[PDB]
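Engineer: Handing you this structure, nothing more for now.
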Amino acid sequence: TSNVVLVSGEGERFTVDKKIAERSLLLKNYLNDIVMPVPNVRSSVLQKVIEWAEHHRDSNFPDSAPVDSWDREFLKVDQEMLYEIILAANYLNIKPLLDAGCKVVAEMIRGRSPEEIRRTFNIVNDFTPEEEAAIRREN
Amino acid sequence: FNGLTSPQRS
Amino acid sequence: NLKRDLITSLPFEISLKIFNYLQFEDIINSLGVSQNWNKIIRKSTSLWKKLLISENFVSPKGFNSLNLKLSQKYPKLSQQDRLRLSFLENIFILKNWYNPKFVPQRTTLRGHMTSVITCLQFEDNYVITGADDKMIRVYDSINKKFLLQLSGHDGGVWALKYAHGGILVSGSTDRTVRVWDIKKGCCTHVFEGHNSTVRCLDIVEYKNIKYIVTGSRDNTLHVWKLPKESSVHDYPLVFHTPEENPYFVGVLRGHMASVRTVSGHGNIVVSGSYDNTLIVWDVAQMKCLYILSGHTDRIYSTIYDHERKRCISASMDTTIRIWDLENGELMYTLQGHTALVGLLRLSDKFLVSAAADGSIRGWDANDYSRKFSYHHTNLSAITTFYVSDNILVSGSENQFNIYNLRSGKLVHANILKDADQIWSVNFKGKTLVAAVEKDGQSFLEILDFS
């Protein structure tokens, strides 16, 4: 069986089975029209994406459903990494991975107060004391 | 009683 | 650290995807996180559209009508904010309906001179009732008070249909069809022609013209144009003879027995009769399209499902039939009652039926698989019920029940405990109304879930 090579934005070459790599619709369409560049995606990020793709090689996805336990542990990374994994999935057109990452972000928000959400993402409360109250009472 | 009231015959 | 405002940083569509995975509570909290989060959330229509749809507050097909209504109510709000405000109001109201520890405010008002109420309409902040006392009573559902009594019928009132702009149509045992203007407090038209009691009626609009269709115990249906409003008389305008009535369209003959039920939309009208058959009419051509034969006993109720182009029929033979109105063919026979099935309702997702043995059945509105099943414990005949995707309210002798259709559980069984009979029940949003009997008298009950 044949492989493709995906090159990270750091110039590092990742060898991966072709049909497995076709999880990326960008790669699949690239072949339809072997080394494919993945510009502006860090090596460590691309490496995670490939790990996810190889793990899910036999997975069939539709087509709200919850995150698979392997995915939850796999997506248990620092926020910057989670951010870049989401961007790479979006660039590479891997909808199920994109979906999974978004579900994990939503889980960070779920059942949390505005103040707790702010602490999680280090967000500045830019509401004036007046505007803060007006929003609470349901705008 | 079947639950449905009806007018009487004319 | 390595912390990051992911919602702000990510492209809009992706952050939107994240919010679609959240429950409304989390979305509400998220609005209070920062100015940017606030801006991002209030930007999408789809977010609030999805929530409204997911809670069955609106259907995809009903969305446009909701939006327009919201624009009329909130002219100076964006579509997004309109939908958010609508959602918050609806979810607040629904939670009250579902809370077994919530109790609605109750207003009890004088009913008719007779203890039995025969018909009720609830539209446009009006509650309208008819009885065998020959009277029509109109109530304000906002202020929860009696407005006026419409008199003129020489016989009992057995059919009522609200049109628009305070206009309503009535049918009586005096064989007349009457048009009323609530805001003038009088009858404007009396249409004669039926040779027996007007048993049922519906109003349809076809090509921007409203028509009245009236079923009678004379085995016929009469079709009439609904008179337009005036600008700037000898009210009521009495029309003793159909041919000399410019609002008269024609007679639909076909049934061999009383026309018990009628249901129409656009130019298509379905009638059900005591002759065990239904007829699908084309009131534009005034012609019979199909005769639906197969029931072995009286038809008591029919619904024209115009969205799916189907007919639903309920019979004394205990069966419910589904008909394909594209070819006039039987589709399904539903067997879930052991008594007369005389009551049918159709919500966006449920066909609901109620029988004289106290049984109530919920069927999927599309494939008619079994969704729910209820039974009044005293095994008394179901006299009335009303339903949405979220709530069922049913009535019978000594019983008035409110069911949560999501959990399948009874929420309240005693709100109208003092009632002896429930003649008619109807609800919309925060307001539930019921025409009841208590100790030999009729009353109108109004329940407020805000």
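So you can find residues: chains in the structure tokens are A, B, ... in the order shown, residues in each start at 1, and ligands are numbered from 1 in order.
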What are the closest atom pairs, with distances in Å to one decimal, for each residue of chain C lying within 9 Å of chain A, using only C-alpha atoms, rows by chain and rising residue number, as a Markdown table?
Structural biologist:
```
| residue | atom | partner | partner_atom | distance |
| --- | --- | --- | --- | --- |
| C:1 | CA | A:78 | CA | 8.6 |
| C:2 | CA | A:80 | CA | 5.9 |
| C:3 | CA | A:121 | CA | 5.3 |
| C:4 | CA | A:121 | CA | 5.1 |
| C:5 | CA | A:121 | CA | 5.1 |
| C:6 | CA | A:83 | CA | 6.5 |
| C:7 | CA | A:105 | CA | 8.9 |
| C:9 | CA | A:83 | CA | 8.4 |
| C:10 | CA | A:83 | CA | 7.6 |
| C:11 | CA | A:87 | CA | 8.9 |
| C:14 | CA | A:102 | CA | 7.6 |
| C:15 | CA | A:102 | CA | 7.9 |
| C:17 | CA | A:102 | CA | 6.8 |
| C:18 | CA | A:102 | CA | 5.1 |
| C:19 | CA | A:106 | CA | 6.9 |
| C:20 | CA | A:106 | CA | 8.8 |
| C:21 | CA | A:106 | CA | 6.3 |
| C:22 | CA | A:106 | CA | 6.2 |
| C:23 | CA | A:110 | CA | 7.9 |
| C:25 | CA | A:111 | CA | 7.7 |
| C:26 | CA | A:110 | CA | 5.8 |
| C:27 | CA | A:110 | CA | 9.0 |
| C:28 | CA | A:138 | CA | 8.6 |
| C:29 | CA | A:114 | CA | 5.5 |
| C:30 | CA | A:114 | CA | 6.2 |
| C:31 | CA | A:135 | CA | 7.6 |
| C:32 | CA | A:114 | CA | 5.8 |
| C:33 | CA | A:114 | CA | 4.9 |
| C:34 | CA | A:125 | CA | 5.5 |
| C:35 | CA | A:126 | CA | 6.3 |
| C:36 | CA | A:126 | CA | 8.9 |
| C:81 | CA | A:139 | CA | 8.6 |
| C:85 | CA | A:139 | CA | 8.3 |
| C:88 | CA | A:138 | CA | 8.6 |
```
Engineer: Can you spit out the residues from that selection as a compact mmCIF listing (two decimals), in the first residue's frame, using N, CA, C and O atoms?
Structural biologist:
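The result, stored in result-v4.txt:
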```txt
# COMPACT_ATOMS: atom_id res chain seq x y z
N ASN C 1 0.49 29.32 31.64
CA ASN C 1 -0.68 29.99 31.08
C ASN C 1 -1.22 29.26 29.85
O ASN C 1 -1.98 28.29 29.98
N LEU C 2 -0.82 29.74 28.67
CA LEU C 2 -1.26 29.19 27.39
C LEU C 2 -2.77 29.36 27.16
O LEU C 2 -3.33 28.80 26.22
N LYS C 3 -3.42 30.14 28.03
CA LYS C 3 -4.85 30.38 27.91
C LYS C 3 -5.15 31.27 26.72
O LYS C 3 -4.34 32.11 26.34
N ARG C 4 -6.32 31.09 26.12
CA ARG C 4 -6.66 31.84 24.94
C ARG C 4 -8.17 32.03 24.80
O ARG C 4 -8.95 31.10 25.02
N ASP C 5 -8.57 33.24 24.44
CA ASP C 5 -9.96 33.50 24.13
C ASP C 5 -10.29 32.83 22.80
O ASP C 5 -10.25 33.47 21.75
N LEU C 6 -10.62 31.54 22.86
CA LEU C 6 -10.89 30.75 21.66
C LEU C 6 -12.09 31.27 20.86
O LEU C 6 -12.08 31.23 19.63
N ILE C 7 -13.11 31.75 21.56
CA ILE C 7 -14.33 32.22 20.90
C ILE C 7 -14.06 33.46 20.07
O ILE C 7 -14.55 33.59 18.94
N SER C 9 -10.91 34.41 19.06
CA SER C 9 -9.82 34.12 18.13
C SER C 9 -10.26 33.33 16.90
O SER C 9 -9.85 33.64 15.78
N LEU C 10 -11.08 32.31 17.10
CA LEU C 10 -11.53 31.45 16.01
C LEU C 10 -12.37 32.22 14.99
O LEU C 10 -12.95 33.25 15.32
N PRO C 11 -12.42 31.73 13.74
CA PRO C 11 -13.31 32.33 12.75
C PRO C 11 -14.76 32.23 13.22
O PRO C 11 -15.11 31.26 13.89
N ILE C 14 -16.89 29.00 13.11
CA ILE C 14 -16.42 27.97 14.02
C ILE C 14 -16.85 28.23 15.47
O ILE C 14 -17.26 27.31 16.17
N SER C 15 -16.76 29.48 15.90
CA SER C 15 -17.22 29.82 17.24
C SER C 15 -18.73 29.62 17.32
O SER C 15 -19.28 29.30 18.37
N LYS C 17 -20.33 27.28 15.71
CA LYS C 17 -20.46 25.84 15.85
C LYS C 17 -20.37 25.43 17.33
O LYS C 17 -21.06 24.52 17.78
N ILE C 18 -19.52 26.13 18.07
CA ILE C 18 -19.32 25.85 19.49
C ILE C 18 -20.58 26.17 20.29
O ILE C 18 -21.00 25.40 21.16
N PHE C 19 -21.20 27.31 19.99
CA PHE C 19 -22.41 27.72 20.68
C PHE C 19 -23.60 26.82 20.37
O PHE C 19 -24.48 26.63 21.21
N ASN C 20 -23.63 26.26 19.17
CA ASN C 20 -24.68 25.31 18.80
C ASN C 20 -24.62 24.00 19.59
O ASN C 20 -25.58 23.24 19.60
N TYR C 21 -23.48 23.74 20.23
CA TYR C 21 -23.33 22.54 21.05
C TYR C 21 -23.72 22.82 22.49
O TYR C 21 -23.66 21.93 23.33
N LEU C 22 -24.10 24.06 22.78
CA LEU C 22 -24.44 24.43 24.15
C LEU C 22 -25.95 24.49 24.38
O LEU C 22 -26.73 24.71 23.45
N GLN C 23 -26.35 24.27 25.63
CA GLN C 23 -27.73 24.48 26.03
C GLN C 23 -27.97 25.97 26.17
O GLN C 23 -27.02 26.75 26.31
N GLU C 25 -28.96 27.82 28.50
CA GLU C 25 -28.48 28.42 29.74
C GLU C 25 -27.04 28.89 29.58
O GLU C 25 -26.67 29.97 30.04
N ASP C 26 -26.23 28.08 28.91
CA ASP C 26 -24.82 28.39 28.73
C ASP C 26 -24.66 29.54 27.75
O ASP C 26 -23.80 30.40 27.92
N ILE C 27 -25.52 29.57 26.74
CA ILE C 27 -25.53 30.66 25.78
C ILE C 27 -25.89 31.98 26.46
O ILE C 27 -25.27 33.01 26.18
N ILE C 28 -26.86 31.94 27.37
CA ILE C 28 -27.26 33.13 28.11
C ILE C 28 -26.13 33.67 28.98
O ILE C 28 -25.87 34.87 29.00
N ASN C 29 -25.45 32.77 29.69
CA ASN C 29 -24.30 33.16 30.49
C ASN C 29 -23.19 33.72 29.61
O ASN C 29 -22.49 34.66 29.99
N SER C 30 -23.03 33.15 28.42
CA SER C 30 -21.97 33.55 27.52
C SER C 30 -22.15 34.99 27.04
O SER C 30 -21.18 35.70 26.80
N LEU C 31 -23.41 35.41 26.94
CA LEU C 31 -23.74 36.80 26.60
C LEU C 31 -23.17 37.79 27.61
O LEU C 31 -22.91 38.94 27.26
N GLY C 32 -22.97 37.34 28.84
CA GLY C 32 -22.45 38.20 29.89
C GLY C 32 -20.94 38.12 30.10
O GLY C 32 -20.41 38.67 31.06
N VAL C 33 -20.25 37.43 29.19
CA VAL C 33 -18.82 37.21 29.35
C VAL C 33 -17.97 38.43 28.97
O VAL C 33 -17.06 38.81 29.71
N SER C 34 -18.26 39.02 27.82
CA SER C 34 -17.56 40.22 27.36
C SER C 34 -18.32 40.86 26.21
O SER C 34 -19.26 40.27 25.67
N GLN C 35 -17.92 42.07 25.83
CA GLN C 35 -18.59 42.78 24.74
C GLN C 35 -18.49 42.01 23.42
O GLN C 35 -19.44 41.97 22.64
N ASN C 36 -17.34 41.40 23.18
CA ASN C 36 -17.09 40.66 21.95
C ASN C 36 -17.91 39.36 21.87
O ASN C 36 -18.45 39.02 20.82
N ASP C 81 -32.16 39.56 17.98
CA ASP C 81 -32.65 39.92 19.31
C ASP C 81 -34.13 39.57 19.46
O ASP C 81 -34.56 39.16 20.54
N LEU C 85 -35.39 37.12 22.38
CA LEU C 85 -36.44 37.52 23.32
C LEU C 85 -37.64 36.57 23.26
O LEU C 85 -38.23 36.23 24.28
N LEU C 88 -36.59 33.30 25.10
CA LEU C 88 -36.54 33.44 26.55
C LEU C 88 -37.93 33.47 27.16
O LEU C 88 -38.18 32.85 28.19
```
Engineer: Quick one: everything within 8 Å of stretch 377-391 of chain C, counting only C-alpha atoms, minus sequence neighbours fewer than 3 positions away in the same chain. Send it as a JSON list (two decimals) with N, CA, C and O atoms, in the first residue's frame.
Structural biologist:
```json
[["chain", "number", "residue", "atom", "x", "y", "z"],
["B", 1, "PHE", "N", -72.91, 7.84, 28.14],
["B", 1, "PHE", "CA", -72.48, 9.11, 27.57],
["B", 1, "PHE", "C", -71.16, 8.95, 26.82],
["B", 1, "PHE", "O", -70.17, 8.50, 27.40],
["B", 2, "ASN", "N", -71.16, 9.30, 25.54],
["B", 2, "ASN", "CA", -69.98, 9.14, 24.69],
["B", 2, "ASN", "C", -69.04, 10.35, 24.67],
["B", 2, "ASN", "O", -68.07, 10.39, 23.92],
["B", 3, "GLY", "N", -69.35, 11.35, 25.50],
["B", 3, "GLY", "CA", -68.51, 12.52, 25.64],
["B", 3, "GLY", "C", -68.83, 13.66, 24.68],
["B", 3, "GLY", "O", -68.35, 14.78, 24.85],
["B", 4, "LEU", "N", -69.66, 13.37, 23.68],
["B", 4, "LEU", "CA", -69.97, 14.35, 22.65],
["B", 4, "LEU", "C", -71.44, 14.76, 22.68],
["B", 4, "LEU", "O", -72.31, 14.01, 22.25],
["C", 56, "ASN", "N", -39.45, 23.00, 20.15],
["C", 56, "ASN", "CA", -40.78, 22.97, 19.53],
["C", 56, "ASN", "C", -41.60, 24.24, 19.75],
["C", 56, "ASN", "O", -42.82, 24.17, 19.90],
["C", 343, "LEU", "N", -62.62, 12.69, 18.69],
["C", 343, "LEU", "CA", -61.78, 13.88, 18.81],
["C", 343, "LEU", "C", -60.40, 13.68, 18.18],
["C", 343, "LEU", "O", -59.71, 12.71, 18.46],
["C", 345, "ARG", "N", -56.74, 15.94, 16.91],
["C", 345, "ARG", "CA", -55.95, 17.16, 16.81],
["C", 345, "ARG", "C", -54.63, 16.84, 16.13],
["C", 345, "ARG", "O", -54.11, 15.74, 16.26],
["C", 346, "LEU", "N", -54.10, 17.81, 15.39],
["C", 346, "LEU", "CA", -52.83, 17.65, 14.72],
["C", 346, "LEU", "C", -51.89, 18.78, 15.10],
["C", 346, "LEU", "O", -52.18, 19.95, 14.82],
["C", 347, "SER", "N", -50.79, 18.45, 15.76],
["C", 347, "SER", "CA", -49.72, 19.41, 15.99],
["C", 347, "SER", "C", -48.62, 19.11, 14.99],
["C", 347, "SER", "O", -48.74, 18.16, 14.21],
["C", 348, "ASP", "N", -47.55, 19.90, 15.01],
["C", 348, "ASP", "CA", -46.45, 19.71, 14.07],
["C", 348, "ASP", "C", -45.89, 18.29, 14.08],
["C", 348, "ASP", "O", -45.53, 17.76, 13.03],
["C", 349, "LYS", "N", -45.82, 17.66, 15.25],
["C", 349, "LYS", "CA", -45.23, 16.33, 15.33],
["C", 349, "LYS", "C", -46.18, 15.21, 15.77],
["C", 349, "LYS", "O", -45.87, 14.03, 15.60],
["C", 350, "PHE", "N", -47.34, 15.56, 16.31],
["C", 350, "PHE", "CA", -48.27, 14.55, 16.82],
["C", 350, "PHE", "C", -49.66, 14.62, 16.18],
["C", 350, "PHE", "O", -50.26, 15.69, 16.10],
["C", 352, "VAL", "N", -53.14, 13.44, 17.42],
["C", 352, "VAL", "CA", -53.67, 13.02, 18.72],
["C", 352, "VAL", "C", -55.15, 12.68, 18.63],
["C", 352, "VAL", "O", -55.93, 13.41, 18.02],
["C", 354, "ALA", "N", -58.70, 10.94, 20.80],
["C", 354, "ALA", "CA", -59.32, 10.71, 22.10],
["C", 354, "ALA", "C", -60.66, 10.01, 21.92],
["C", 354, "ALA", "O", -61.40, 10.33, 20.99],
["C", 355, "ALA", "N", -60.97, 9.07, 22.80],
["C", 355, "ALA", "CA", -62.13, 8.20, 22.61],
["C", 355, "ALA", "C", -63.08, 8.22, 23.80],
["C", 355, "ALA", "O", -62.74, 8.74, 24.87],
["C", 356, "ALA", "N", -64.26, 7.63, 23.62],
["C", 356, "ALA", "CA", -65.32, 7.67, 24.63],
["C", 356, "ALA", "C", -65.09, 6.73, 25.81],
["C", 356, "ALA", "O", -65.91, 6.66, 26.72],
["C", 357, "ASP", "N", -63.98, 6.00, 25.79],
["C", 357, "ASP", "CA", -63.63, 5.12, 26.89],
["C", 357, "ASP", "C", -62.60, 5.78, 27.82],
["C", 357, "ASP", "O", -62.12, 5.16, 28.76],
["C", 358, "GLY", "N", -62.27, 7.03, 27.52],
["C", 358, "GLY", "CA", -61.32, 7.78, 28.32],
["C", 358, "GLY", "C", -59.88, 7.65, 27.86],
["C", 358, "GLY", "O", -58.96, 8.14, 28.53],
["C", 359, "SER", "N", -59.67, 6.99, 26.73],
["C", 359, "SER", "CA", -58.32, 6.79, 26.21],
["C", 359, "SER", "C", -57.91, 7.94, 25.30],
["C", 359, "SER", "O", -58.73, 8.51, 24.58],
["C", 394, "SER", "N", -56.28, 17.62, 28.79],
["C", 394, "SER", "CA", -57.48, 16.85, 28.47],
["C", 394, "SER", "C", -58.56, 16.98, 29.53],
["C", 394, "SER", "O", -58.27, 17.24, 30.70],
["C", 395, "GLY", "N", -59.81, 16.80, 29.13],
["C", 395, "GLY", "CA", -60.92, 16.95, 30.05],
["C", 395, "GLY", "C", -62.00, 15.89, 29.91],
["C", 395, "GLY", "O", -62.28, 15.39, 28.82],
["C", 396, "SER", "N", -62.60, 15.56, 31.04],
["C", 396, "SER", "CA", -63.75, 14.66, 31.07],
["C", 396, "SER", "C", -64.44, 14.87, 32.41],
["C", 396, "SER", "O", -64.01, 15.71, 33.20],
["C", 397, "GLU", "N", -65.50, 14.11, 32.67],
["C", 397, "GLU", "CA", -66.24, 14.24, 33.91],
["C", 397, "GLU", "C", -65.32, 14.14, 35.12],
["C", 397, "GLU", "O", -64.60, 13.15, 35.29],
["C", 402, "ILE", "N", -53.16, 17.93, 32.85],
["C", 402, "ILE", "CA", -52.12, 18.56, 32.06],
["C", 402, "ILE", "C", -50.93, 17.61, 32.00],
["C", 402, "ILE", "O", -50.37, 17.24, 33.05],
["C", 403, "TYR", "N", -50.55, 17.19, 30.80],
["C", 403, "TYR", "CA", -49.44, 16.25, 30.63],
["C", 403, "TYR", "C", -48.21, 16.86, 29.96],
["C", 403, "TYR", "O", -48.32, 17.59, 28.97],
["C", 404, "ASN", "N", -47.04, 16.54, 30.50],
["C", 404, "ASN", "CA", -45.76, 16.84, 29.86],
["C", 404, "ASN", "C", -45.48, 15.79, 28.79],
["C", 404, "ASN", "O", -45.21, 14.64, 29.12],
["C", 405, "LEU", "N", -45.55, 16.18, 27.52],
["C", 405, "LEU", "CA", -45.37, 15.22, 26.43],
["C", 405, "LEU", "C", -43.92, 14.80, 26.22],
["C", 405, "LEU", "O", -43.66, 13.79, 25.56],
["C", 406, "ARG", "N", -42.97, 15.56, 26.76],
["C", 406, "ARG", "CA", -41.56, 15.17, 26.68],
["C", 406, "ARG", "C", -41.23, 14.03, 27.65],
["C", 406, "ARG", "O", -40.65, 13.03, 27.25],
["C", 422, "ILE", "N", -65.75, 19.23, 31.83],
["C", 422, "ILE", "CA", -64.94, 20.13, 31.02],
["C", 422, "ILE", "C", -65.50, 20.08, 29.61],
["C", 422, "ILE", "O", -65.33, 19.08, 28.92],
["C", 423, "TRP", "N", -66.17, 21.14, 29.18],
["C", 423, "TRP", "CA", -66.83, 21.12, 27.89],
["C", 423, "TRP", "C", -65.87, 21.43, 26.75],
["C", 423, "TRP", "O", -65.96, 20.84, 25.67],
["C", 424, "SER", "N", -64.95, 22.35, 26.98],
["C", 424, "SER", "CA", -64.02, 22.75, 25.94],
["C", 424, "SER", "C", -62.75, 23.32, 26.54],
["C", 424, "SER", "O", -62.80, 24.09, 27.49],
["C", 425, "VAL", "N", -61.61, 22.92, 26.00],
["C", 425, "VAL", "CA", -60.33, 23.42, 26.46],
["C", 425, "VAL", "C", -59.46, 23.87, 25.28],
["C", 425, "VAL", "O", -59.49, 23.27, 24.20],
["C", 426, "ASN", "N", -58.72, 24.94, 25.48],
["C", 426, "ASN", "CA", -57.89, 25.52, 24.43],
["C", 426, "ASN", "C", -56.77, 26.29, 25.11],
["C", 426, "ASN", "O", -56.99, 26.95, 26.13],
["C", 427, "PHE", "N", -55.56, 26.19, 24.57],
["C", 427, "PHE", "CA", -54.47, 26.99, 25.12],
["C", 427, "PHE", "C", -53.51, 27.49, 24.06],
["C", 427, "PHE", "O", -53.37, 26.88, 23.00]]
```
Engineer: Extract, using only C-alpha atoms, all DNA, RNA and protein residues at most 9 Å from stretch 220-231 of chain C, discarding same-chain residues fewer than 5 positions from it, and format them as a PyMOL selection string.
Structural biologist: chain C and resi 163+169+179+189+191+193-194+201+203+209-215+246-259+271+283+286
Engineer: For residue B:7, find every residue with an atom within 9 Å (counting only C-alpha atoms), except residues of its own chain fewer than 5 positions away, and show them as a PDB file with C-alpha atoms, in the first residue's frame.
Structural biologist:
```pdb
ATOM      1  CA  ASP C 132     -77.875  26.009  23.734  1.00  0.00           C
ATOM      2  CA  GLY C 156     -78.890  26.960  20.160  1.00  0.00           C
ATOM      3  CA  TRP C 158     -73.463  24.592  17.972  1.00  0.00           C
ATOM      4  CA  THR C 173     -80.279  24.781  15.298  1.00  0.00           C
ATOM      5  CA  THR C 197     -79.403  22.239  11.992  1.00  0.00           C
ATOM      6  CA  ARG C 199     -73.820  21.042  12.787  1.00  0.00           C
TER       7      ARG C 199
END
```
Engineer: Within stretch 203-372 of chain C, find each residue whose DSSP state, derived from the backbone, is strand (DSSP E), and express the selection as a ChimeraX atom specification.
Structural biologist: /C:203-205,210-216,221-225,237-239,248-252,259-265,268-273,278-282,287-292,299-305,310-315,320-324,329-334,341-346,350-355,359-364,370-372
Engineer: For residue C:335, list every protein, DNA or RNA residue within 9 Å, evaluated using only C-alpha atoms, and leave out those in the same chain fewer than 5 positions away; present the list as a list in words.
Structural biologist: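 Contacts, with the query itself left out: residues 318, 319, 320 and 321 of chain C.
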